[PDB]
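Trainee: After the structure tokens below, expect a handful of questions from me.
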Amino acid sequence: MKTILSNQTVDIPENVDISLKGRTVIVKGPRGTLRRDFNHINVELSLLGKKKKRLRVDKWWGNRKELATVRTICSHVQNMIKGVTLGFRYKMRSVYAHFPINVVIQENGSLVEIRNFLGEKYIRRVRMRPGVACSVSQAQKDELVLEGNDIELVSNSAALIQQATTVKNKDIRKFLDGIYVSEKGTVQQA
Amino acid sequence: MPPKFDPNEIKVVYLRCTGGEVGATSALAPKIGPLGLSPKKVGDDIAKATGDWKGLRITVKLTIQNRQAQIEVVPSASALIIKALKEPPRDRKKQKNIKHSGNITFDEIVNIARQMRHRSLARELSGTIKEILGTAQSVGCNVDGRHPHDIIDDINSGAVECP
Amino acid sequence: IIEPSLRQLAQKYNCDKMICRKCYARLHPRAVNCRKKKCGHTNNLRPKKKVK
Amino acid sequence: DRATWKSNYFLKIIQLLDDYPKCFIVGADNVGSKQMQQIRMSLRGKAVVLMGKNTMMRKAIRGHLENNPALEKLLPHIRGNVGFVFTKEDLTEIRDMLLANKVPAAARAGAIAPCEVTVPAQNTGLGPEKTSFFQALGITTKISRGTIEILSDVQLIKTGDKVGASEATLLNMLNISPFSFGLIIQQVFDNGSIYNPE
RNA sequence: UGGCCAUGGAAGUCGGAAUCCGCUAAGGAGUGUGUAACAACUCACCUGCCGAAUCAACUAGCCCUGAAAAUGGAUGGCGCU
Ligand SMILES: [Mg+2]
Ligand SMILES: [Zn+2]
């Protein structure tokens with residue numbers, strides 16, 4: 001039934017400054033801005049506290065599937081804050097039993113050529129979502145590093161190269177190859 | 001025994017179980033047997049000699065190899081000694097219906113059974129061991145015409161005699 | 001051939017999955033019900049058979 | 001079940017508290033059932049070992065029972081993976097018996113290193129097997145006629161260092177077990193007085 | 001504790017009659033994996049952290065799966081949330 005009220009709080013840290021034009025949070029700090037719109041979620045994004053310390057999200061007269069959004073907005077702002085402060089760092093290790101998936105970034109991070117996958121002549125070119133920047137790591141041999149602020153864009157770009165390197169018309173239990181996400185960490189930990 | 005073929009002393013033990021008689025299906029030697037100088041048919045005959053005249057209703061066989069001479073012994077299992085102290089002995093081939101008569105008393109005979117346990121059990125003496133071996137019996141069914149379960153609780157004997 | 005921790009990482013993505021008994025949908029291994037509206041969230045699931 | 005048992009557990013701990021005026025709080029830690037049985041067999045005659053929960057948070061009810069103070073000091077120290085050792089002999093002697101028993105228990109991959117672990121120069125005890133597992137990190141190993149021999153006494157892991165996975169597995173194959181401990185002593189109860197392993 | 005029946009092997013584990021005690025904090029004469037058979041692994045009782053409800057089995061409403069036909073098509077039509 002209609003729950004008379006639900007809410008939550010999102011305690012912003014003193015480094016970051018968040019601001020909300022209505023229902024369109026914009027979060028800025030060390031690394032950069034991250035806007036996100038929630039016109040489509042239907043909530044009261046109050047912002048309270050001197051020093052602007054916490055973001056509150058009411059949701060009045062919600063039914064079960066309307067009250068399910070409350071936390072997911074709150075959480076999306078949490079990631080947004082993390083992105084601004086620390087920034088996300090997805091690491092993905094290449095795997096093969098023969099053909100050593102030859103990776104090479106191109107423009108800056110943007111492009112990812114993925115040559116010699118399974119001994120295929122086809123060279124996979126994979127763009128990155130605006131903001132994300134791939135880079136071939138050191139201190140680990142067959143391993144990529146995708147860094148960026150907007151987690152959504154990062155993890156999508158990770159998937160983009162994960163599904164790029166897919167095996168068709170074979171026993172995938174046998175043929176375990178491709179560039180898989182190994183670790184979802186941050187650019188700096190504190 | 002490590003590099004090629006050398007006996008420095010050889011008092012090597014390995015645990016076989018079951019051995020009423022010779023056994024056609026055997027499986028006595030191989031693997032462990034031939035490498036280590038113990039043969040096959042002679043080792044089976046020596047195993048029959050030790051585990052001959054009781055027990056003929058399953059036995060245990062620790063095999064201490066002294067270079068070529070095996071020393072077979074009967075280390076006691078609780079249910080085996082109960083089946084040894086049954087209404088003997090209709091050995092093999094009828095038989096047949098089956099080996100589960102299980103009305104053979106043993107009141108003070110199980111006192112010897114709890115005594116012959118190789119310490120073990122992490123016990124507070126026979127008071128608790130009496131409860132264990134009085135239930136190990138799948139067949140026996142305790143005294144004259146009793147049950148096992150809760151008659152065990154009211155024991156009035158052999159607390160100080162079993163150490 | 002292939003580094004063990006690296007292998008188990010690629011298993012996680014390819015082979016550590018539940019499968020729907022109605023519609024063959026490949027599902028995360030924690031799954032109790034299916035994804036698929038086509039089979040009505042069946043719940044008859046089985047694990048994906050391991051390579052011997 | 002679990003109402004009569006819970007009452008029976010209260011009766012166990014109170015009777016042990018009434019019988020013995022001295023208790024030894026020991027941390028269980030990464031411990032086996034085989035370890036606990038070995039400790040039971042060693043400390044059979046004198047001591048009685050126990051392993052509890054937040055119904056050891058119940059010494060309060062013993063202290064309530066028209067008699068005891070001093071058990072109020074023991075309430076904060078029932079935290080972590082804790083078990084008791086009730087006994088009547090002595091304190092410093094029992095501490096030495098607990099320290100002397102212990103067990104090997106092979107490498108925990110990821111956890112800290114208590115002492116400077118080494119790899120003595122000796123054969124593994126294998127045929128022509130993977131030397132690449134040993135030489136991946138930084139170890140000098142040769143195939144000196146079949147057996148994989150390590151050619152130098154080298155320190156892999158130092159004090160307060162994290163143990164890697166591949167080096168932990170190689171130590172397990174070699175049967176080298178310096179890691180783990182058995183059980184630790186945090187605090188003591190001796191006829192009212194509290195000590196901290198001293 | 002190679003428990004008993006079963007030897008073809010089932011020491012918990014193709015099956016079945018059993019089916020209790022000890023230590024117990026507590027572990028079934030065993031849910032499975034797998035083994036010729038073990039092993040090895042996996043599945044209570046209890047803690048450490050976290051911080052109020054949690055969870056099971058039925059039942060009946062709408063909705064959905066179940067639900068495949070041949071000229072292009074019919075809640076009468078347009079449409080409708
Ligand atoms: Mg094919
Ligand atoms: Zn389905």
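If you're wondering about the labels, chains in the structure tokens are A, B, ... by order shown, residues count from 1 in each chain, ligands from 1 in order shown.
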Mind listing as number ranges by chain which residues of chain B are within 12 Å of chain E, counting only C-alpha atoms (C1' of nucleotides)?
Mentor: B: 15-19, 23-27, 58-61, 76-80, 82-83, 96-100, 120-141, 147-150, 152-153
Trainee: Using only C-alpha atoms, I'd like every residue of chain D that has an atom within 12 Å of chain C; please write them out as an MDAnalysis selection string.
Mentor: chainID D and resid 132:133 165:166
Trainee: Could you pull out the residues sitting within 12 Å of ligand 1, using only C-alpha atoms (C1' of nucleotides) and all ligand atoms, and write them as an NGL selection string?
Mentor: :A and (167-172 or 174-175)
Trainee: Need to verify the contact set: stretch 75-83 of chain A, 7 Å, only C-alpha atoms (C1' of nucleotides), exclusion of same-chain residues closer than 4 positions in sequence. Can you return it as a PyMOL selection string?
Mentor: chain A and resi 10+27+34+71+87-88+149-151
Trainee: Quick one: of A:121, A:36, A:93, A:129, who's nearest to chain C, counting only C-alpha atoms?
Mentor: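 Going through A:121, A:36, A:93, A:129 one by one, the smallest distance to chain C is for A:93.
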Trainee: Looking only at strand (DSSP E or B) from DSSP on the backbone, list the matching residues of chain D as a PyMOL selection string.
Mentor: chain D and resi 22-27+48-51+82-86+112+117-119+123+141-143+148-150+154-157+162+184-190+193-195
Trainee: How about saving the chosen residues, N, CA and C atoms kept, as a short mmCIF file (atom, residue, chain, number, x, y, z; two decimals), in the first residue's frame?
Mentor:
```cif
data_model
loop_
_atom_site.label_atom_id
_atom_site.label_comp_id
_atom_site.auth_asym_id
_atom_site.auth_seq_id
_atom_site.Cartn_x
_atom_site.Cartn_y
_atom_site.Cartn_z
N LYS D 22 39.58 -19.88 39.12
CA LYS D 22 40.60 -19.39 38.20
C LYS D 22 40.25 -19.82 36.77
N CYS D 23 40.28 -18.87 35.84
CA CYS D 23 39.92 -19.11 34.44
C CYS D 23 40.94 -18.47 33.50
N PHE D 24 41.16 -19.10 32.35
CA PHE D 24 42.11 -18.64 31.34
C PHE D 24 41.40 -18.40 30.01
N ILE D 25 41.29 -17.13 29.63
CA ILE D 25 40.62 -16.72 28.40
C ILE D 25 41.62 -16.91 27.25
N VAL D 26 41.28 -17.79 26.31
CA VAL D 26 42.14 -18.09 25.17
C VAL D 26 41.41 -17.81 23.85
N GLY D 27 42.10 -17.12 22.94
CA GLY D 27 41.56 -16.85 21.61
C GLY D 27 41.63 -18.10 20.75
N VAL D 48 39.72 -27.85 32.19
CA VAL D 48 38.52 -28.13 31.40
C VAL D 48 38.30 -26.96 30.44
N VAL D 49 38.37 -27.24 29.14
CA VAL D 49 38.26 -26.21 28.10
C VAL D 49 36.80 -26.04 27.69
N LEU D 50 36.44 -24.80 27.36
CA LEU D 50 35.08 -24.45 26.92
C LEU D 50 35.15 -23.39 25.82
N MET D 51 34.12 -23.35 24.98
CA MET D 51 34.02 -22.39 23.87
C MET D 51 32.60 -21.82 23.81
N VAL D 82 36.33 -16.24 21.12
CA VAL D 82 36.79 -16.50 22.49
C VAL D 82 36.29 -17.85 23.04
N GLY D 83 37.17 -18.52 23.78
CA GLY D 83 36.83 -19.71 24.58
C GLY D 83 37.57 -19.70 25.91
N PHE D 84 36.99 -20.34 26.93
CA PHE D 84 37.57 -20.37 28.28
C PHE D 84 38.33 -21.67 28.59
N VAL D 85 39.19 -21.59 29.61
CA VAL D 85 39.93 -22.74 30.13
C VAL D 85 39.88 -22.70 31.67
N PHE D 86 38.91 -23.41 32.24
CA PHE D 86 38.74 -23.47 33.70
C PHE D 86 39.68 -24.50 34.31
N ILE D 112 48.88 -11.74 7.51
CA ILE D 112 50.21 -11.25 7.91
C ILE D 112 51.18 -12.38 8.27
N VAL D 117 60.09 -15.88 7.41
CA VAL D 117 60.03 -17.22 6.82
C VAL D 117 61.12 -17.40 5.77
N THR D 118 61.73 -18.59 5.75
CA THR D 118 62.84 -18.92 4.86
C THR D 118 62.53 -20.15 4.00
N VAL D 119 63.38 -20.37 2.99
CA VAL D 119 63.33 -21.57 2.14
C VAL D 119 64.74 -22.17 2.09
N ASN D 123 66.07 -30.42 -1.99
CA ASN D 123 65.15 -30.98 -2.99
C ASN D 123 63.67 -30.91 -2.57
N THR D 141 66.22 -22.10 -8.50
CA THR D 141 65.94 -23.54 -8.45
C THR D 141 66.44 -24.24 -9.72
N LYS D 142 67.14 -25.37 -9.54
CA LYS D 142 67.65 -26.18 -10.64
C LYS D 142 67.05 -27.59 -10.62
N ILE D 143 67.04 -28.23 -11.79
CA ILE D 143 66.66 -29.64 -11.92
C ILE D 143 67.96 -30.46 -11.86
N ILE D 148 63.71 -31.23 -8.16
CA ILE D 148 63.82 -29.77 -8.20
C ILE D 148 64.50 -29.30 -6.91
N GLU D 149 65.79 -28.97 -7.01
CA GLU D 149 66.57 -28.50 -5.86
C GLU D 149 66.62 -26.98 -5.82
N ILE D 150 66.37 -26.42 -4.63
CA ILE D 150 66.54 -24.98 -4.39
C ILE D 150 68.01 -24.78 -4.01
N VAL D 154 67.19 -18.52 1.14
CA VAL D 154 66.66 -17.17 0.85
C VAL D 154 65.38 -16.91 1.65
N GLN D 155 65.22 -15.66 2.09
CA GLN D 155 64.02 -15.21 2.81
C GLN D 155 62.97 -14.70 1.82
N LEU D 156 61.83 -15.38 1.75
CA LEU D 156 60.71 -14.94 0.90
C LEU D 156 59.91 -13.83 1.58
N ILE D 157 59.43 -14.12 2.79
CA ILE D 157 58.48 -13.27 3.50
C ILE D 157 59.09 -12.81 4.83
N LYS D 162 52.56 -9.27 3.92
CA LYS D 162 51.42 -10.03 3.40
C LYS D 162 51.93 -11.21 2.58
N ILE D 184 45.93 -18.29 21.16
CA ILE D 184 46.62 -17.18 21.83
C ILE D 184 45.93 -16.90 23.17
N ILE D 185 46.69 -16.35 24.11
CA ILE D 185 46.18 -15.95 25.44
C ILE D 185 46.12 -14.42 25.49
N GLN D 186 44.91 -13.89 25.71
CA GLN D 186 44.68 -12.44 25.76
C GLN D 186 44.67 -11.92 27.20
N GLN D 187 43.87 -12.55 28.05
CA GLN D 187 43.71 -12.13 29.45
C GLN D 187 43.52 -13.32 30.39
N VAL D 188 43.68 -13.07 31.69
CA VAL D 188 43.65 -14.12 32.72
C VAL D 188 42.74 -13.71 33.89
N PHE D 189 42.18 -14.71 34.57
CA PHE D 189 41.40 -14.53 35.80
C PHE D 189 41.94 -15.47 36.87
N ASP D 190 42.48 -14.91 37.96
CA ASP D 190 43.11 -15.69 39.03
C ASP D 190 42.61 -15.27 40.41
N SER D 193 41.94 -11.45 40.85
CA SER D 193 42.95 -10.62 40.20
C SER D 193 43.05 -10.90 38.70
N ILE D 194 43.25 -9.84 37.91
CA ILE D 194 43.41 -9.93 36.46
C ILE D 194 44.88 -9.67 36.09
N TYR D 195 45.39 -10.48 35.16
CA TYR D 195 46.73 -10.30 34.59
C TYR D 195 46.64 -10.22 33.07
#
```
Trainee: Counting only C-alpha atoms (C1' of nucleotides), which residues of chain E come no farther than 12 Å from chain C, as a PDB file with N, CA, C and O atoms (P, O5', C5', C4', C3', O3' and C1' of nucleotides), in the first residue's frame?
Mentor:
```pdb
ATOM      1  P     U E  33      25.914 -36.263  -6.508  1.00  0.00           P
ATOM      2  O5'   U E  33      27.303 -35.488  -6.599  1.00  0.00           O
ATOM      3  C5'   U E  33      27.390 -34.237  -7.304  1.00  0.00           C
ATOM      4  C4'   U E  33      28.772 -33.637  -7.190  1.00  0.00           C
ATOM      5  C3'   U E  33      29.943 -34.482  -7.663  1.00  0.00           C
ATOM      6  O3'   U E  33      30.067 -34.524  -9.085  1.00  0.00           O
ATOM      7  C1'   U E  33      30.514 -33.410  -5.636  1.00  0.00           C
ATOM      8  P     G E  34      29.625 -35.831  -9.915  1.00  0.00           P
ATOM      9  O5'   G E  34      30.916 -36.764  -9.868  1.00  0.00           O
ATOM     10  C5'   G E  34      32.222 -36.282 -10.248  1.00  0.00           C
ATOM     11  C4'   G E  34      33.207 -36.476  -9.118  1.00  0.00           C
ATOM     12  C3'   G E  34      33.839 -37.854  -9.013  1.00  0.00           C
ATOM     13  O3'   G E  34      34.985 -37.912  -9.860  1.00  0.00           O
ATOM     14  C1'   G E  34      33.105 -37.125  -6.868  1.00  0.00           C
ATOM     15  P     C E  63      -6.532  -9.333 -15.856  1.00  0.00           P
ATOM     16  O5'   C E  63      -4.952  -9.225 -16.005  1.00  0.00           O
ATOM     17  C5'   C E  63      -4.350  -7.925 -16.063  1.00  0.00           C
ATOM     18  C4'   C E  63      -2.851  -8.013 -15.969  1.00  0.00           C
ATOM     19  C3'   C E  63      -2.205  -9.179 -16.689  1.00  0.00           C
ATOM     20  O3'   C E  63      -2.133  -8.857 -18.068  1.00  0.00           O
ATOM     21  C1'   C E  63      -1.321  -9.043 -14.525  1.00  0.00           C
ATOM     22  P     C E  64      -2.288  -9.987 -19.173  1.00  0.00           P
ATOM     23  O5'   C E  64      -0.909 -10.770 -19.052  1.00  0.00           O
ATOM     24  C5'   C E  64       0.335 -10.085 -19.266  1.00  0.00           C
ATOM     25  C4'   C E  64       1.496 -10.929 -18.798  1.00  0.00           C
ATOM     26  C3'   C E  64       1.588 -12.326 -19.388  1.00  0.00           C
ATOM     27  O3'   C E  64       2.168 -12.329 -20.679  1.00  0.00           O
ATOM     28  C1'   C E  64       1.967 -12.417 -17.063  1.00  0.00           C
ATOM     29  P     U E  65       1.849 -13.527 -21.670  1.00  0.00           P
ATOM     30  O5'   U E  65       2.673 -14.735 -21.044  1.00  0.00           O
ATOM     31  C5'   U E  65       4.071 -14.905 -21.317  1.00  0.00           C
ATOM     32  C4'   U E  65       4.537 -16.245 -20.808  1.00  0.00           C
ATOM     33  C3'   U E  65       3.919 -17.456 -21.480  1.00  0.00           C
ATOM     34  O3'   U E  65       4.633 -17.787 -22.662  1.00  0.00           O
ATOM     35  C1'   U E  65       3.873 -17.739 -19.134  1.00  0.00           C
ATOM     36  P     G E  66       3.862 -18.412 -23.908  1.00  0.00           P
ATOM     37  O5'   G E  66       3.115 -19.661 -23.269  1.00  0.00           O
ATOM     38  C5'   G E  66       3.870 -20.829 -22.924  1.00  0.00           C
ATOM     39  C4'   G E  66       3.007 -21.827 -22.203  1.00  0.00           C
ATOM     40  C3'   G E  66       1.783 -22.280 -22.971  1.00  0.00           C
ATOM     41  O3'   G E  66       2.216 -23.326 -23.828  1.00  0.00           O
ATOM     42  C1'   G E  66       1.191 -21.770 -20.736  1.00  0.00           C
ATOM     43  P     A E  67       1.414 -23.680 -25.157  1.00  0.00           P
ATOM     44  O5'   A E  67       1.073 -22.262 -25.801  1.00  0.00           O
ATOM     45  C5'   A E  67       0.399 -22.237 -27.066  1.00  0.00           C
ATOM     46  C4'   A E  67       0.064 -20.839 -27.525  1.00  0.00           C
ATOM     47  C3'   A E  67       0.994 -19.698 -27.122  1.00  0.00           C
ATOM     48  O3'   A E  67       0.883 -18.628 -28.061  1.00  0.00           O
ATOM     49  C1'   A E  67      -1.097 -19.448 -26.047  1.00  0.00           C
TER      50        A E  67
END
```
Trainee: Please write out the residues within 12 Å of ligand 2 as a PyMOL selection string, counting only C-alpha atoms (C1' of nucleotides) and all ligand atoms.
Mentor: (chain C and resi 18-27+31-46) or (chain E and resi 65)
Trainee: For residue E:13, work out the shell of residues within 12 Å, counting only C-alpha atoms (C1' of nucleotides) and skipping chain neighbours fewer than 4 positions away, then give it as a list in words.
Mentor: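 Residues meeting the cut-off are residues 28, 29, 30, 31, 32, 33, 34, 35, 37 and 38 of chain E.
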Trainee: Using the selection just defined, write its residues with C-alpha atoms (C1' of nucleotides) as a PDB file, in the first residue's frame.
Mentor:
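After the write, again02.pdb holds the following:
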```
ATOM      1  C1'   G E  28      23.871 -36.720  10.152  1.00  0.00           C
ATOM      2  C1'   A E  29      26.402 -43.788  11.362  1.00  0.00           C
ATOM      3  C1'   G E  30      25.226 -38.305   6.584  1.00  0.00           C
ATOM      4  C1'   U E  31      22.716 -33.267   1.717  1.00  0.00           C
ATOM      5  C1'   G E  32      25.647 -33.607  -2.425  1.00  0.00           C
ATOM      6  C1'   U E  33      30.514 -33.410  -5.636  1.00  0.00           C
ATOM      7  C1'   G E  34      33.105 -37.125  -6.868  1.00  0.00           C
ATOM      8  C1'   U E  35      35.762 -41.917  -6.275  1.00  0.00           C
ATOM      9  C1'   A E  37      37.299 -47.702  -2.988  1.00  0.00           C
ATOM     10  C1'   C E  38      39.286 -43.588  -0.257  1.00  0.00           C
TER      11        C E  38
END
```
Trainee: At most 12 Å is the cut-off: for each residue in chain D with any atom that close to an atom of chain B, write down the nearest atom pair and the distance in Å rounded to one decimal, counting only C-alpha atoms, chain first then increasing number, as CSV.
Mentor:
```
residue,atom,partner,partner_atom,distance
D:36,CA,B:122,CA,11.2
D:37,CA,B:122,CA,7.8
D:38,CA,B:122,CA,9.5
D:39,CA,B:122,CA,10.6
D:40,CA,B:122,CA,7.4
D:41,CA,B:122,CA,6.5
D:42,CA,B:122,CA,10.2
D:43,CA,B:122,CA,10.8
D:44,CA,B:122,CA,8.3
D:45,CA,B:124,CA,9.6
D:48,CA,B:124,CA,12.0
D:125,CA,B:2,CA,10.8
D:146,CA,B:3,CA,12.0
```
Trainee: Export N, CA, C and O atoms of the chosen residues as an mmCIF file, in the first residue's frame?
Mentor:
```
data_model
loop_
_atom_site.group_PDB
_atom_site.id
_atom_site.type_symbol
_atom_site.label_atom_id
_atom_site.label_comp_id
_atom_site.auth_asym_id
_atom_site.auth_seq_id
_atom_site.Cartn_x
_atom_site.Cartn_y
_atom_site.Cartn_z
ATOM 1 N N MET D 36 41.575 -29.011 18.863
ATOM 2 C CA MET D 36 40.798 -28.980 20.111
ATOM 3 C C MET D 36 40.760 -30.334 20.822
ATOM 4 O O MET D 36 40.759 -30.382 22.051
ATOM 5 N N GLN D 37 40.727 -31.420 20.051
ATOM 6 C CA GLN D 37 40.808 -32.776 20.606
ATOM 7 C C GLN D 37 42.188 -33.064 21.207
ATOM 8 O O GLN D 37 42.276 -33.614 22.304
ATOM 9 N N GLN D 38 43.248 -32.693 20.486
ATOM 10 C CA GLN D 38 44.632 -32.808 20.990
ATOM 11 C C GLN D 38 44.856 -32.035 22.296
ATOM 12 O O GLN D 38 45.550 -32.518 23.193
ATOM 13 N N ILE D 39 44.272 -30.840 22.384
ATOM 14 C CA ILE D 39 44.332 -30.017 23.601
ATOM 15 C C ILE D 39 43.534 -30.675 24.738
ATOM 16 O O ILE D 39 43.974 -30.664 25.890
ATOM 17 N N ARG D 40 42.366 -31.231 24.407
ATOM 18 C CA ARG D 40 41.559 -32.013 25.362
ATOM 19 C C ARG D 40 42.323 -33.211 25.938
ATOM 20 O O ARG D 40 42.269 -33.455 27.143
ATOM 21 N N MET D 41 43.021 -33.947 25.070
ATOM 22 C CA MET D 41 43.819 -35.108 25.490
ATOM 23 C C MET D 41 45.009 -34.723 26.373
ATOM 24 O O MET D 41 45.317 -35.430 27.336
ATOM 25 N N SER D 42 45.670 -33.612 26.041
ATOM 26 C CA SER D 42 46.802 -33.113 26.829
ATOM 27 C C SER D 42 46.343 -32.575 28.184
ATOM 28 O O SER D 42 46.863 -32.981 29.227
ATOM 29 N N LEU D 43 45.367 -31.668 28.153
ATOM 30 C CA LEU D 43 44.798 -31.059 29.360
ATOM 31 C C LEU D 43 43.492 -31.763 29.753
ATOM 32 O O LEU D 43 42.412 -31.163 29.735
ATOM 33 N N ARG D 44 43.611 -33.041 30.113
ATOM 34 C CA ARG D 44 42.466 -33.877 30.495
ATOM 35 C C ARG D 44 42.270 -33.901 32.009
ATOM 36 O O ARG D 44 41.171 -33.636 32.500
ATOM 37 N N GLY D 45 43.337 -34.231 32.735
ATOM 38 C CA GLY D 45 43.280 -34.415 34.186
ATOM 39 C C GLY D 45 42.919 -33.166 34.970
ATOM 40 O O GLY D 45 42.006 -33.194 35.800
ATOM 41 N N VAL D 48 39.725 -27.853 32.185
ATOM 42 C CA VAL D 48 38.515 -28.125 31.404
ATOM 43 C C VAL D 48 38.300 -26.959 30.439
ATOM 44 O O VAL D 48 38.067 -25.828 30.873
ATOM 45 N N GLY D 125 61.265 -33.158 -3.715
ATOM 46 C CA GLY D 125 60.770 -34.533 -3.597
ATOM 47 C C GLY D 125 59.782 -34.846 -4.706
ATOM 48 O O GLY D 125 58.663 -35.293 -4.445
ATOM 49 N N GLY D 146 66.582 -34.888 -12.037
ATOM 50 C CA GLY D 146 65.201 -35.225 -11.683
ATOM 51 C C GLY D 146 64.564 -34.272 -10.686
ATOM 52 O O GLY D 146 63.658 -33.514 -11.039
#
```
Trainee: When you get a sec, could you note down which chain E residues fall within 9 Å of chain D, using only C-alpha atoms (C1' of nucleotides), as a ChimeraX atom specification?
Mentor: /E:23,25,46-48
Trainee: Quick one: distance from atom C1' of residue E:17 to atom CA of residue B:55 in Å, one decimal?
Mentor: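 Pair atom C1' of residue E:17 / atom CA of residue B:55 returns 23.8 Å.
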Trainee: Give me, as a ChimeraX atom specification, all polymer residues having an atom no more than 7 Å from residue A:179, counting only C-alpha atoms (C1' of nucleotides) and skipping those fewer than 3 positions away in the same chain.
Mentor: /A:92-95,161-162,165
Trainee: Would you export the selected residues with N, CA, C and O atoms as a CSV table (one decimal), in the first residue's frame, please?
Mentor:
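What ended up in out.csv:
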```csv
chain,number,residue,atom,x,y,z
A,92,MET,N,41.2,-4.9,-16.2
A,92,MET,CA,40.7,-6.1,-16.9
A,92,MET,C,41.8,-6.9,-17.5
A,92,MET,O,42.6,-6.4,-18.4
A,93,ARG,N,42.0,-8.2,-17.1
A,93,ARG,CA,43.0,-9.1,-17.5
A,93,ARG,C,42.7,-9.9,-18.7
A,93,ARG,O,41.6,-10.5,-18.7
A,94,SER,N,43.6,-9.9,-19.7
A,94,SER,CA,43.4,-10.8,-20.9
A,94,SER,C,43.8,-12.2,-20.5
A,94,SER,O,44.7,-12.5,-19.7
A,95,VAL,N,43.1,-13.1,-21.1
A,95,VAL,CA,43.2,-14.5,-20.9
A,95,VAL,C,43.2,-15.3,-22.2
A,95,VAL,O,42.5,-14.9,-23.1
A,161,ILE,N,34.7,-3.9,-24.5
A,161,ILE,CA,35.9,-4.7,-24.9
A,161,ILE,C,35.7,-6.2,-24.4
A,161,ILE,O,36.4,-7.0,-24.9
A,162,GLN,N,34.9,-6.4,-23.4
A,162,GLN,CA,34.6,-7.8,-22.9
A,162,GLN,C,33.8,-8.6,-23.9
A,162,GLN,O,34.1,-9.7,-24.2
A,165,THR,N,35.6,-9.2,-27.4
A,165,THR,CA,36.4,-10.5,-27.4
A,165,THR,C,35.5,-11.6,-26.9
A,165,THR,O,35.6,-12.1,-25.8
```
